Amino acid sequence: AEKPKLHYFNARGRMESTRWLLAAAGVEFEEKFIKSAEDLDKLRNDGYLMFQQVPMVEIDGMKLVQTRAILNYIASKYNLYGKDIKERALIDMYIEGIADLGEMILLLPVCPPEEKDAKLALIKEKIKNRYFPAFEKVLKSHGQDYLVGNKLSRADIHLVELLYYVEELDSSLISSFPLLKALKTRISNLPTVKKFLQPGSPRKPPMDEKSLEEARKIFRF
């Protein structure tokens, strides 16, 4: 066959959820790091990018852009997208809420500086009052180890990734959600995830000021 090839810059950004999903599925991948605007232009000029943007993933003869297109494909291929159309609907509903919260956290450092205090507070309010309660409620309702179908799915993976980012933001926020804490523990002990969490995997660190500036350069924003 061949290893999926992930085109992005050397940072979490919009590619990190794909790294998590592939790693969780046990799929070895290669990365080709964009180091400059000229590298990105080369991808564009070569016809690699449908909308002149990355992430792009080379997989199974396709050149897929758009995070959701990439993740949907990987999830379906590796049986992490539930068993039927109704389980998929629960998965999609859950992971779109996850993606909303993740997007708020992702973009926080590019908030206008004058807006940062209020928005961080609103993110924390939403975690405590909206998102964490929603997921805790799902887990409490069925009492099962996984979010959907009593079986590992992408929803468990995407959620637990987000829990690591929320921990980085403020380690107290999960304190009143024992079922989310338990899910974090369980999923982090699955062999593929536990390996990804260990030093040496493709897992990327928090984006520092420098890495963000590098993004600003490469992507012209």
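Residue numbers here begin at 1 and follow the sequence given.
- Comparing 184 to 192 with 26 to 34, the higher mean C-alpha B-factor in the PDB entry belongs to 26 to 34.
- Stretches 66 to 74 and 37 to 45 differ in mean C-alpha B factor, with the higher average recorded for 37 to 45.
- Out of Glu125, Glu115, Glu136, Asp92, it is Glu115 whose C-alpha atom has the highest B-factor in the PDB entry.
- Ranked against the other modelled residues of its chain, the C-alpha B-factor of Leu212 as given in the entry falls in the highest third.
- In this PDB entry, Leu120 carries a Cα temperature factor that places it within the highest third of its chain's modelled residues.
- When the modelled residues of the chain are ordered by C-alpha B-factor, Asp156 sits in the lowest third.
- Ranked by Cα temperature factor within the chain, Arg130 sits in the lowest third according to the deposited record.
- Among the modelled residues of its chain, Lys140 has a C-alpha B-factor that falls in the middle third, as given in the PDB entry.
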